[PDB]
Amino acid sequence: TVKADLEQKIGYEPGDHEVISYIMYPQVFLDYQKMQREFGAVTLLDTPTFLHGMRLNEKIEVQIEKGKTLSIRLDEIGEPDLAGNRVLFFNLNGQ
Amino acid sequence: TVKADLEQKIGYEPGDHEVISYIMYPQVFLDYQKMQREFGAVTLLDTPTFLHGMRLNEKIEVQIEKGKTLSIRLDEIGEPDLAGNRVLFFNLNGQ
Amino acid sequence: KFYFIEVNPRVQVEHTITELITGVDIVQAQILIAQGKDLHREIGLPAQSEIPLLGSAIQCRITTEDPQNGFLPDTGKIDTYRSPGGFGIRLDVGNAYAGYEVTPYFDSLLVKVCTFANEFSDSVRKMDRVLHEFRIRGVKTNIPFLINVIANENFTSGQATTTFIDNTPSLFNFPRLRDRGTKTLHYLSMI
Amino acid sequence: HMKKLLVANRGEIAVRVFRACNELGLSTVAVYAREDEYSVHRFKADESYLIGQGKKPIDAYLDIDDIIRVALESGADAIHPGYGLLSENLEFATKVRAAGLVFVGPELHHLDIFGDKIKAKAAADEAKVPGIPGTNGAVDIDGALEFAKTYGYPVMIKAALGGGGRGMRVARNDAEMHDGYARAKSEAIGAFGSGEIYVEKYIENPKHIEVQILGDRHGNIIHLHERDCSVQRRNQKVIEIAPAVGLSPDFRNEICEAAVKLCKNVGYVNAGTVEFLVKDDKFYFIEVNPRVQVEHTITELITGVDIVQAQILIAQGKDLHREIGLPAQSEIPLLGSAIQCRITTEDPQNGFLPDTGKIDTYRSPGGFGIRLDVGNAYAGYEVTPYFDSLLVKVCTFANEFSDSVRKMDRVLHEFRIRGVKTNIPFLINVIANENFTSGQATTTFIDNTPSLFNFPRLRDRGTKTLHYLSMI
Ligand SMILES: CC(=O)SCCNC(=O)CCNC(=O)[C@H](O)C(C)(C)COP(=O)(O)OP(=O)(O)OC[C@H]1O[C@@H](n2cnc3c(N)ncnc32)[C@H](O)[C@@H]1OP(=O)(O)O
Ligand SMILES: CC(=O)SCCNC(=O)CCNC(=O)[C@H](O)C(C)(C)COP(=O)(O)OP(=O)(O)OC[C@H]1O[C@@H](n2cnc3c(N)ncnc32)[C@H](O)[C@@H]1OP(=O)(O)O
Ligand SMILES: Nc1ncnc2c1ncn2[C@@H]1O[C@H](COP(=O)(O)OP(=O)(O)O)[C@@H](O)[C@H]1O
Ligand SMILES: [Mg+2]
């Protein structure tokens with residue numbers, strides 16, 4: 001029943017370890033899954049990039065897979081608008 | 001002779017008015033042709049845009065030709081780099 | 001047993017596949033006919049018995065309808081656009097460039113891509129490659145639904161009927177897509 | 001048995017092989033240099049690996065050991081060399097075949113035979129195809145003078161290893177024969193080293209019909225159709241049209257039959273092309289490229305075939321007419337006529353020197369009958385002088401050659417690449433010429449037409465307006 005509840009709460013069938021971790025920490029696992037759906041696997045970034053983000057005119061390489069490497073470069077940080085939403089001008093994979 | 005000199009100086013065949021303007025103002029006509037090759041026909045802009053340039057998130061319409069209206073919007077003004085060249089993020093014709 | 005339904009007195013959206021299989025420019029012929037010219041003497045089209053049939057062509061319309069939201073049209077900025085090319089690919093793009101703001105006033109169509117080949121299986125494979133190569137981010141498209149329809153065995157056989165879509169619930173099982181570029185950029189911007 | 005392919009090339013051809021492999025269902029592995037880190041082909045593959053670390057990028061792409069190591073580490077099965085870098089290198093193909101990896105190309109003896117012009121000339125002379133009258137091989141100044149004394153002027157000095165207007169130049173009289181031979185020997189020992197040199201009987205105003213050859217290891221050898229790359233600027237192909245509309249159909253059939261009989265006598269496998277110098281119903285063998293051509297797209301359009309896909313299927317060992325499913329030789333369709341223009345950063349107002357810089361504006365033309373094979377030409381791309389000057393090649397196909405000419409004119413006027421100077425006005429001038437539209441263009445057509453270099457001024461009222469607005 002908790003496996004079915006976890007499957008209907010995260011959108012896919014979990015393994016034994018996900019069910020066990022949901023039993024131990026119910027809310028913490030759900031928050032982790034929500035931030036995994038939002039920000040993705042942030043475990044692959046460098047520690048200064050994980051903590052302090054990015055600098056202006058800075059190039060980083062993120063190894064998301066074997067043979068896949070994201071070439072992320074930040075070019076401009078925009079001013080906040082009336083809605084409070086800044087616009088960041090990135091250069092992901094050269095584009 | 002002055003028509004041939006003006007033709008080789010500006011790279012195209014001039015009219016009678018261009019020749020008679022080059023005769024009276026030799027250096028001024030050459031400077032005008034240099035700014036024509038550099039900035040183009042700036043006489044089609046309105047006076048506040050001609051004098052003070054553009055503002056942040058300001059949309060203007062410039063009619064370069066009957067039926068041709070440029071849609072220029074300035075999105076961001078980048079910081080100057082070490083070489084001193086700022087990068088301006090425009091939106092010309094929606095792109 | 002074929003039965004008449006209606007006649008559309010216009011050039012249709014799916015005229016591209018007819019253009020590809022016959023080699024005849026439909027819009028150019030339409031304009032030349034409106035000029036008053038002749039089909040087989042001034043336009044230069046061949047006779048009815050000599051009209052070619054150059055393989056099979058497939059067209060799907062990529063719209064902003066989200067199949068996970070009841071095929072309702074989506075709106076918003078288009079962050080990424082990468083139109084595929086190569087042999088046997090023809091694209092009739094509308095308004096789908098990067099940074100384009102999708103408005104709910106007009107049609108949901110972004111790009112109308114077509115694939116043509118000598119064999120229908122090769123056309124199916126080319127369209128599968130095109131659908132996997134298309135990248136439209138910022139708005140939700142019907143690309144996974146088109147991939148599911150293409151991968152179906154009835155469509156590849158060619159015996160698909162009008163009731164084929166409504167009697168196939170397996171076409172709505174869309175795999176999870178882990179966009180590790182957009183999420184990484186979002187997290188980096190947030191931090 | 002083959003489930004993963006590696007492409008040891010870059011640019012348009014790498015993405016072309018990636019699309020062919022993804023249509024065939026294979027996984028793709030890419031290689032790139034540090035200066036090629038922003039190339040499109042790096043992100044168009046399932047896996048990408050950095051090769052040639054610490055070296056110049058051109059030599060980095062020729063690193064045989066690094067490519068072999070990447071192919072072994074990534075688990076790739078086949079290696080497609082593309083064209084222009086290692087597709088005719090015998091050592092690279094030998095190491096690939098000896099390392100346990102499939103090479104998507106002809107066999108090693110084919111590369112040995114057709115990699116040198118002397119050996120290829122001897123094989124053609126054995127094959128009873130009409131060659132061009134030349135010397136016996138590596139001849140000196142006196143040997144070159146004997147050819148002029150016996151056969152007669154005009155002549156032409158050609159190297160036995162050069163390619164692309166590099167080791168070849170024209171020759172008319174005795175003293176400039178000495179000067180050209182000295183400069184050709186210097187360029188051969190400089191650029192290549194250990195290269196032979198010959199002198200052949202020159203032909204005034206020839207054509208350059210090329211025949212694409214496909215063949216598997218099962219013995220079936222098929223010509224797809226002919227081409228016409230006669231539009232050349234200093235022996236560099238500019239516009240290639242297929243089929244040769246300025247030629248008779250039976251003469252084109254004779255040329256194709258001669259090419260397929262030469263390849264049958266040799267026993268050719270996979271993709272390759274045979275070049276012929278045509279002048280007044282007399283075709284002369286000049287070269288064979290054991291490659292897939294950059295201008296293979298027009299052949300793909302007119303014959304309805306996928307050359308790269310068939311190349312990979314032949315490299316898999318499949319039968320040509322049973323497993324690939326290709327039709328017979330007599331049933332190969334010739335539908336329409338296709339025109340290919342290769343848009344490069346060579347500025348025609350600057351002596352066709354390549355241009356570098358940021359591409360701040362890119363817009364590709366779609367529509368009916370238009371095929372695009374784009375390299376690295378997206379918006380914001382920084383053009384580097386290390387690699388080729390090609391941005392994007394575009395092919396237009398239609399039933400009538402006039403319709404193809406009009407479609408290419410519409411495409412060239414619809415193309416908008418800004419930030420760098422391109423050869424689009426030159427292509428427009430060549431397209432608008434009456435000699436090209438008839439199809440009777442020769443290899444001296446560009447150099448004898450000064451009207452093609454009169455480019456009209458373009459207003460460019462958007463970029464200059466944005467520049468003025470930014471300045472103010
Ligand atoms: C030439 C052709 O025929 S391409 C046909 C489609 N196949 C491929 O592109 C192979 C590479 N794989 C991908 O691009 C994607 O991962 C797909 C097709 C599997 C779809 O997965 P998605 O969830 O939608 O995107 P995903 O986050 O996993 O890809 C990682 C990012 O790095 C990019 N990337 C893909 N391959 C590589 C690579 N070898 N190196 C660096 N970056 C890469 C992707 O473009 C993607 O960026 P994006 O958001 O702009 O599209
Ligand atoms: C759809 C097809 O088949 S394209 C066939 C060719 N016809 C066209 O492109 C129609 C548009 N016309 C043009 O773009 C120009 O007149 C051309 C073809 C001469 C291009 O040469 P240029 O001198 O360099 O462009 P021009 O100085 O005249 O115009 C400036 C820009 O205004 C844009 N523009 C063109 N027409 C319009 C218009 N009706 N409204 C607003 N902007 C326009 C153009 O995109 C042009 O290019 P840019 O934005 O990148 O800077
Ligand atoms: N004998 C000749 N007469 C006239 N033109 C020639 C002659 N030999 C070569 N050319 C020209 O020089 C070019 C050289 O082509 P070729 O030697 O076959 O390939 P590559 O340029 O790759 O070495 C050809 O395109 C041809 O137009
Ligand atoms: Mg050649």
# chains A, B, ... in the order shown; residues from 1 in each chain; ligands from 1
call {"tool": "residues_around", "arguments": {"residues": "region 54-67 of chain C", "least_positions_apart": "5", "cutoff": "7 Å", "atoms": "only C-alpha atoms", "output": "list in words"}}
result
residues 17, 20, 21, 22, 72, 73, 74, 108, 109, 110, 111, 112, 113, 114, 115, 116, 117, 118, 119, 120, 123, 139, 140, 141, 142, 143 and 145 of chain C
call {"tool": "closest_atom_pairs", "arguments": {"of": "chain C", "to": "ligand 1", "cutoff": "7 Å", "atoms": "only C-alpha atoms and all ligand atoms", "output": "JSON lines"}}
result
{"residue": "C:80", "atom": "CA", "partner": "ligand 1", "partner_atom_place_in_ligand_line": "50 (O)", "distance": 6.8}
{"residue": "C:129", "atom": "CA", "partner": "ligand 1", "partner_atom_place_in_ligand_line": "3 (O)", "distance": 5.6}
{"residue": "C:130", "atom": "CA", "partner": "ligand 1", "partner_atom_place_in_ligand_line": "5 (C)", "distance": 6.9}
{"residue": "C:132", "atom": "CA", "partner": "ligand 1", "partner_atom_place_in_ligand_line": "6 (C)", "distance": 4.6}
{"residue": "C:133", "atom": "CA", "partner": "ligand 1", "partner_atom_place_in_ligand_line": "5 (C)", "distance": 4.0}
{"residue": "C:135", "atom": "CA", "partner": "ligand 1", "partner_atom_place_in_ligand_line": "51 (O)", "distance": 6.0}
{"residue": "C:177", "atom": "CA", "partner": "ligand 1", "partner_atom_place_in_ligand_line": "23 (O)", "distance": 4.2}
{"residue": "C:178", "atom": "CA", "partner": "ligand 1", "partner_atom_place_in_ligand_line": "23 (O)", "distance": 3.9}
{"residue": "C:179", "atom": "CA", "partner": "ligand 1", "partner_atom_place_in_ligand_line": "27 (O)", "distance": 3.3}
{"residue": "C:180", "atom": "CA", "partner": "ligand 1", "partner_atom_place_in_ligand_line": "27 (O)", "distance": 3.5}
{"residue": "C:181", "atom": "CA", "partner": "ligand 1", "partner_atom_place_in_ligand_line": "49 (O)", "distance": 4.5}
{"residue": "C:182", "atom": "CA", "partner": "ligand 1", "partner_atom_place_in_ligand_line": "49 (O)", "distance": 5.6}
call {"tool": "calpha_fit_rmsd", "arguments": {"fixed": "chain B", "moving": "chain A"}}
result
0.2 Å
call {"tool": "residues_near_ligand", "arguments": {"ligand": "ligand 3", "cutoff": "6 Å", "atoms": "only C-alpha atoms and all ligand atoms", "output": "short mmCIF file (atom, residue, chain, number, x, y, z; two decimals) with C-alpha atoms, in the first residue's frame"}}
result
data_model
loop_
_atom_site.label_atom_id
_atom_site.label_comp_id
_atom_site.auth_asym_id
_atom_site.auth_seq_id
_atom_site.Cartn_x
_atom_site.Cartn_y
_atom_site.Cartn_z
CA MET D 156 49.41 20.99 -67.47
CA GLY D 162 47.67 16.81 -54.27
CA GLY D 163 43.99 17.65 -54.35
CA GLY D 164 41.85 20.75 -54.72
CA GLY D 165 43.84 23.12 -56.92
CA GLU D 200 49.55 15.72 -69.10
CA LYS D 201 47.97 16.95 -72.33
CA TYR D 202 45.86 20.01 -71.54
CA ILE D 203 42.24 20.32 -72.69
CA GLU D 204 40.64 23.69 -73.43
CA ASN D 235 39.83 24.38 -59.69
CA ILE D 286 41.24 11.92 -64.19
CA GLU D 287 40.58 10.70 -60.64
CA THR D 443 35.75 24.88 -65.83
#
call {"tool": "residues_near_ligand", "arguments": {"ligand": "ligand 2", "cutoff": "7 Å", "atoms": "only C-alpha atoms and all ligand atoms", "output": "ChimeraX atom specification"}}
result
/B:67-70,92-93 /D:361,410,413-414,416,458-463
call {"tool": "write_last_selection", "arguments": {"atoms": "N, CA, C and O atoms", "output": "PDB file, in the first residue's frame"}}
result
ATOM      1  N   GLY B  67       5.981  50.619 -46.207  1.00  0.00           N
ATOM      2  CA  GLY B  67       5.651  49.215 -46.066  1.00  0.00           C
ATOM      3  C   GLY B  67       6.651  48.456 -45.218  1.00  0.00           C
ATOM      4  O   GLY B  67       6.366  47.347 -44.757  1.00  0.00           O
ATOM      5  N   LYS B  68       7.828  49.041 -45.006  1.00  0.00           N
ATOM      6  CA  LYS B  68       8.867  48.433 -44.181  1.00  0.00           C
ATOM      7  C   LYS B  68       9.002  49.234 -42.892  1.00  0.00           C
ATOM      8  O   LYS B  68       9.515  50.357 -42.902  1.00  0.00           O
ATOM      9  N   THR B  69       8.558  48.655 -41.780  1.00  0.00           N
ATOM     10  CA  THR B  69       8.638  49.297 -40.472  1.00  0.00           C
ATOM     11  C   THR B  69       9.417  48.382 -39.534  1.00  0.00           C
ATOM     12  O   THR B  69       8.950  47.290 -39.196  1.00  0.00           O
ATOM     13  N   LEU B  70      10.603  48.825 -39.125  1.00  0.00           N
ATOM     14  CA  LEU B  70      11.406  48.056 -38.187  1.00  0.00           C
ATOM     15  C   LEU B  70      10.812  48.139 -36.787  1.00  0.00           C
ATOM     16  O   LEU B  70      10.352  49.197 -36.352  1.00  0.00           O
ATOM     17  N   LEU B  92      15.206  43.022 -32.711  1.00  0.00           N
ATOM     18  CA  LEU B  92      14.873  43.602 -34.005  1.00  0.00           C
ATOM     19  C   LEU B  92      13.985  42.631 -34.769  1.00  0.00           C
ATOM     20  O   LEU B  92      14.373  41.478 -34.991  1.00  0.00           O
ATOM     21  N   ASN B  93      12.798  43.107 -35.161  1.00  0.00           N
ATOM     22  CA  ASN B  93      11.792  42.319 -35.878  1.00  0.00           C
ATOM     23  C   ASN B  93      11.404  41.063 -35.102  1.00  0.00           C
ATOM     24  O   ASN B  93      11.175  39.997 -35.678  1.00  0.00           O
TER      25      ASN B  93
ATOM     26  N   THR D 361      23.251  37.034 -36.803  1.00  0.00           N
ATOM     27  CA  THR D 361      21.940  36.865 -37.417  1.00  0.00           C
ATOM     28  C   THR D 361      21.976  35.670 -38.355  1.00  0.00           C
ATOM     29  O   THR D 361      22.826  35.608 -39.248  1.00  0.00           O
ATOM     30  N   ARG D 410      15.626  32.203 -55.093  1.00  0.00           N
ATOM     31  CA  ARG D 410      14.774  32.565 -53.962  1.00  0.00           C
ATOM     32  C   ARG D 410      15.444  32.228 -52.636  1.00  0.00           C
ATOM     33  O   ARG D 410      15.330  32.986 -51.667  1.00  0.00           O
ATOM     34  N   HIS D 413      18.311  34.721 -51.967  1.00  0.00           N
ATOM     35  CA  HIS D 413      17.803  36.012 -51.519  1.00  0.00           C
ATOM     36  C   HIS D 413      17.130  35.926 -50.154  1.00  0.00           C
ATOM     37  O   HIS D 413      17.076  36.927 -49.433  1.00  0.00           O
ATOM     38  N   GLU D 414      16.618  34.751 -49.778  1.00  0.00           N
ATOM     39  CA  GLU D 414      16.005  34.581 -48.465  1.00  0.00           C
ATOM     40  C   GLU D 414      17.029  34.358 -47.360  1.00  0.00           C
ATOM     41  O   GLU D 414      16.729  34.637 -46.193  1.00  0.00           O
ATOM     42  N   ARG D 416      19.859  35.010 -44.790  1.00  0.00           N
ATOM     43  CA  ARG D 416      20.324  36.207 -44.091  1.00  0.00           C
ATOM     44  C   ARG D 416      21.345  35.777 -43.043  1.00  0.00           C
ATOM     45  O   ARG D 416      20.976  35.373 -41.937  1.00  0.00           O
ATOM     46  N   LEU D 458      24.315  46.699 -50.996  1.00  0.00           N
ATOM     47  CA  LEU D 458      23.178  46.337 -50.165  1.00  0.00           C
ATOM     48  C   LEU D 458      23.002  47.388 -49.080  1.00  0.00           C
ATOM     49  O   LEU D 458      23.984  47.855 -48.493  1.00  0.00           O
ATOM     50  N   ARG D 459      21.747  47.774 -48.835  1.00  0.00           N
ATOM     51  CA  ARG D 459      21.471  48.854 -47.893  1.00  0.00           C
ATOM     52  C   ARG D 459      21.828  48.458 -46.466  1.00  0.00           C
ATOM     53  O   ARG D 459      22.562  49.182 -45.784  1.00  0.00           O
ATOM     54  N   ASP D 460      21.340  47.297 -46.016  1.00  0.00           N
ATOM     55  CA  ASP D 460      21.529  46.782 -44.655  1.00  0.00           C
ATOM     56  C   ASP D 460      21.092  47.813 -43.612  1.00  0.00           C
ATOM     57  O   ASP D 460      21.871  48.278 -42.779  1.00  0.00           O
ATOM     58  N   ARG D 461      19.813  48.170 -43.678  1.00  0.00           N
ATOM     59  CA  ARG D 461      19.269  49.260 -42.882  1.00  0.00           C
ATOM     60  C   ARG D 461      18.868  48.838 -41.475  1.00  0.00           C
ATOM     61  O   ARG D 461      18.398  49.681 -40.706  1.00  0.00           O
ATOM     62  N   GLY D 462      19.027  47.567 -41.124  1.00  0.00           N
ATOM     63  CA  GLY D 462      18.743  47.128 -39.773  1.00  0.00           C
ATOM     64  C   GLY D 462      19.974  47.141 -38.892  1.00  0.00           C
ATOM     65  O   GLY D 462      19.945  47.665 -37.772  1.00  0.00           O
ATOM     66  N   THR D 463      21.066  46.564 -39.402  1.00  0.00           N
ATOM     67  CA  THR D 463      22.310  46.493 -38.641  1.00  0.00           C
ATOM     68  C   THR D 463      22.886  47.880 -38.384  1.00  0.00           C
ATOM     69  O   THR D 463      23.344  48.172 -37.274  1.00  0.00           O
TER      70      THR D 463
END
call {"tool": "interface_residues", "arguments": {"of": "chain A", "to": "chain C", "cutoff": "8 Å", "atoms": "only C-alpha atoms", "output": "PyMOL selection string"}}
result
chain A and resi 38-42+49-54+64+70+88+90+92
call {"tool": "write_last_selection", "arguments": {"atoms": "N, CA, C and O atoms", "output": "PDB file, in the first residue's frame"}}
result
ATOM      1  N   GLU A  38      12.069  19.683 -10.020  1.00  0.00           N
ATOM      2  CA  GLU A  38      12.232  21.100 -10.334  1.00  0.00           C
ATOM      3  C   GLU A  38      13.633  21.428 -10.850  1.00  0.00           C
ATOM      4  O   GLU A  38      13.788  21.898 -11.981  1.00  0.00           O
ATOM      5  N   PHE A  39      14.658  21.186 -10.034  1.00  0.00           N
ATOM      6  CA  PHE A  39      16.024  21.581 -10.358  1.00  0.00           C
ATOM      7  C   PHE A  39      16.840  20.479 -11.019  1.00  0.00           C
ATOM      8  O   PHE A  39      17.959  20.748 -11.466  1.00  0.00           O
ATOM      9  N   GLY A  40      16.324  19.261 -11.092  1.00  0.00           N
ATOM     10  CA  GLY A  40      17.084  18.173 -11.665  1.00  0.00           C
ATOM     11  C   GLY A  40      18.133  17.637 -10.709  1.00  0.00           C
ATOM     12  O   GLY A  40      18.186  17.979  -9.525  1.00  0.00           O
ATOM     13  N   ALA A  41      18.986  16.772 -11.251  1.00  0.00           N
ATOM     14  CA  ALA A  41      20.051  16.140 -10.475  1.00  0.00           C
ATOM     15  C   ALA A  41      21.171  17.152 -10.275  1.00  0.00           C
ATOM     16  O   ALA A  41      22.065  17.300 -11.109  1.00  0.00           O
ATOM     17  N   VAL A  42      21.123  17.860  -9.142  1.00  0.00           N
ATOM     18  CA  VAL A  42      22.153  18.843  -8.812  1.00  0.00           C
ATOM     19  C   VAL A  42      23.383  18.216  -8.182  1.00  0.00           C
ATOM     20  O   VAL A  42      24.301  18.944  -7.781  1.00  0.00           O
ATOM     21  N   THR A  49      30.282  25.623  -7.508  1.00  0.00           N
ATOM     22  CA  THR A  49      29.154  25.900  -8.392  1.00  0.00           C
ATOM     23  C   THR A  49      27.834  25.519  -7.734  1.00  0.00           C
ATOM     24  O   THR A  49      26.810  26.174  -7.961  1.00  0.00           O
ATOM     25  N   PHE A  50      27.840  24.458  -6.923  1.00  0.00           N
ATOM     26  CA  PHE A  50      26.639  24.061  -6.194  1.00  0.00           C
ATOM     27  C   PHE A  50      26.261  25.096  -5.144  1.00  0.00           C
ATOM     28  O   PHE A  50      25.075  25.383  -4.945  1.00  0.00           O
ATOM     29  N   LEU A  51      27.252  25.669  -4.464  1.00  0.00           N
ATOM     30  CA  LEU A  51      26.980  26.564  -3.346  1.00  0.00           C
ATOM     31  C   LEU A  51      26.778  28.012  -3.783  1.00  0.00           C
ATOM     32  O   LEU A  51      25.771  28.631  -3.430  1.00  0.00           O
ATOM     33  N   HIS A  52      27.723  28.570  -4.537  1.00  0.00           N
ATOM     34  CA  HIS A  52      27.709  29.986  -4.872  1.00  0.00           C
ATOM     35  C   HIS A  52      27.133  30.276  -6.252  1.00  0.00           C
ATOM     36  O   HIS A  52      27.105  31.442  -6.660  1.00  0.00           O
ATOM     37  N   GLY A  53      26.677  29.263  -6.973  1.00  0.00           N
ATOM     38  CA  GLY A  53      26.063  29.503  -8.271  1.00  0.00           C
ATOM     39  C   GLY A  53      27.103  29.731  -9.340  1.00  0.00           C
ATOM     40  O   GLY A  53      28.038  28.943  -9.493  1.00  0.00           O
ATOM     41  N   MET A  54      26.945  30.820 -10.088  1.00  0.00           N
ATOM     42  CA  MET A  54      27.824  31.140 -11.201  1.00  0.00           C
ATOM     43  C   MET A  54      28.258  32.595 -11.125  1.00  0.00           C
ATOM     44  O   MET A  54      27.554  33.444 -10.573  1.00  0.00           O
ATOM     45  N   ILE A  64      26.864  15.385 -17.161  1.00  0.00           N
ATOM     46  CA  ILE A  64      25.574  14.800 -16.817  1.00  0.00           C
ATOM     47  C   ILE A  64      25.512  13.313 -17.135  1.00  0.00           C
ATOM     48  O   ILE A  64      24.687  12.597 -16.557  1.00  0.00           O
ATOM     49  N   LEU A  70      27.733  19.378 -20.452  1.00  0.00           N
ATOM     50  CA  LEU A  70      27.084  20.654 -20.717  1.00  0.00           C
ATOM     51  C   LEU A  70      28.093  21.789 -20.606  1.00  0.00           C
ATOM     52  O   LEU A  70      28.781  21.923 -19.590  1.00  0.00           O
ATOM     53  N   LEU A  88      18.333  35.981 -17.039  1.00  0.00           N
ATOM     54  CA  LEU A  88      19.742  35.623 -17.131  1.00  0.00           C
ATOM     55  C   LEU A  88      20.036  35.120 -18.535  1.00  0.00           C
ATOM     56  O   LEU A  88      19.337  34.237 -19.042  1.00  0.00           O
ATOM     57  N   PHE A  90      22.165  33.047 -20.714  1.00  0.00           N
ATOM     58  CA  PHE A  90      23.093  31.930 -20.674  1.00  0.00           C
ATOM     59  C   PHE A  90      23.553  31.565 -22.078  1.00  0.00           C
ATOM     60  O   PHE A  90      22.985  32.005 -23.081  1.00  0.00           O
ATOM     61  N   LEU A  92      24.143  27.940 -23.311  1.00  0.00           N
ATOM     62  CA  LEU A  92      24.128  26.501 -23.091  1.00  0.00           C
ATOM     63  C   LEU A  92      24.451  25.795 -24.399  1.00  0.00           C
ATOM     64  O   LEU A  92      23.717  25.945 -25.383  1.00  0.00           O
TER      65      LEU A  92
END
call {"tool": "atom_distance", "arguments": {"atom1": "CA of residue 1 (chain D)", "atom2": "CA of residue 45 (chain D)"}}
result
20.3 Å
call {"tool": "closest_atom_pairs", "arguments": {"of": "chain D", "to": "ligand 4", "cutoff": "12 Å", "atoms": "only C-alpha atoms and all ligand atoms", "output": "Markdown table"}}
result
| residue | atom | partner | partner_atom_place_in_ligand_line | distance |
| --- | --- | --- | --- | --- |
| D:114 | CA | ligand 4 | 1 (Mg) | 11.7 |
| D:115 | CA | ligand 4 | 1 (Mg) | 11.8 |
| D:117 | CA | ligand 4 | 1 (Mg) | 10.5 |
| D:158 | CA | ligand 4 | 1 (Mg) | 11.4 |
| D:159 | CA | ligand 4 | 1 (Mg) | 11.9 |
| D:160 | CA | ligand 4 | 1 (Mg) | 11.7 |
| D:161 | CA | ligand 4 | 1 (Mg) | 11.2 |
| D:162 | CA | ligand 4 | 1 (Mg) | 9.7 |
| D:163 | CA | ligand 4 | 1 (Mg) | 6.7 |
| D:164 | CA | ligand 4 | 1 (Mg) | 6.9 |
| D:165 | CA | ligand 4 | 1 (Mg) | 8.9 |
| D:166 | CA | ligand 4 | 1 (Mg) | 11.1 |
| D:167 | CA | ligand 4 | 1 (Mg) | 11.8 |
| D:168 | CA | ligand 4 | 1 (Mg) | 10.9 |
| D:207 | CA | ligand 4 | 1 (Mg) | 11.7 |
| D:208 | CA | ligand 4 | 1 (Mg) | 8.5 |
| D:209 | CA | ligand 4 | 1 (Mg) | 10.3 |
| D:210 | CA | ligand 4 | 1 (Mg) | 8.9 |
| D:211 | CA | ligand 4 | 1 (Mg) | 11.7 |
| D:229 | CA | ligand 4 | 1 (Mg) | 9.7 |
| D:230 | CA | ligand 4 | 1 (Mg) | 11.0 |
| D:232 | CA | ligand 4 | 1 (Mg) | 11.2 |
| D:235 | CA | ligand 4 | 1 (Mg) | 8.7 |
| D:236 | CA | ligand 4 | 1 (Mg) | 9.2 |
| D:237 | CA | ligand 4 | 1 (Mg) | 9.3 |
| D:273 | CA | ligand 4 | 1 (Mg) | 9.5 |
| D:274 | CA | ligand 4 | 1 (Mg) | 8.5 |
| D:275 | CA | ligand 4 | 1 (Mg) | 6.3 |
| D:276 | CA | ligand 4 | 1 (Mg) | 8.8 |
| D:277 | CA | ligand 4 | 1 (Mg) | 9.8 |
| D:285 | CA | ligand 4 | 1 (Mg) | 10.2 |
| D:286 | CA | ligand 4 | 1 (Mg) | 7.2 |
| D:287 | CA | ligand 4 | 1 (Mg) | 5.7 |
| D:288 | CA | ligand 4 | 1 (Mg) | 7.4 |
| D:289 | CA | ligand 4 | 1 (Mg) | 7.3 |
| D:290 | CA | ligand 4 | 1 (Mg) | 11.2 |
| D:291 | CA | ligand 4 | 1 (Mg) | 11.6 |
| D:293 | CA | ligand 4 | 1 (Mg) | 10.7 |
call {"tool": "decode", "arguments": {"residues": "region 22-26 of chain C", "atoms": "N, CA, C and O atoms", "output": "CSV table (one decimal), in the first residue's frame"}}
result
chain,number,residue,atom,x,y,z
C,22,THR,N,4.3,14.3,-56.1
C,22,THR,CA,4.1,14.6,-57.5
C,22,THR,C,5.1,15.5,-58.1
C,22,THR,O,5.2,15.6,-59.4
C,23,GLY,N,5.9,16.2,-57.3
C,23,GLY,CA,6.9,17.2,-57.9
C,23,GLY,C,6.3,18.4,-58.4
C,23,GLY,O,7.0,19.2,-59.1
C,24,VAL,N,5.0,18.7,-58.2
C,24,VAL,CA,4.3,19.8,-58.8
C,24,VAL,C,4.1,20.9,-57.7
C,24,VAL,O,3.5,20.6,-56.7
C,25,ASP,N,4.6,22.1,-57.9
C,25,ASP,CA,4.4,23.2,-57.0
C,25,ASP,C,2.9,23.6,-57.0
C,25,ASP,O,2.5,24.2,-58.0
C,26,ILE,N,2.2,23.3,-56.0
C,26,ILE,CA,0.7,23.6,-56.0
C,26,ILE,C,0.5,25.1,-55.9
C,26,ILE,O,-0.4,25.6,-56.6
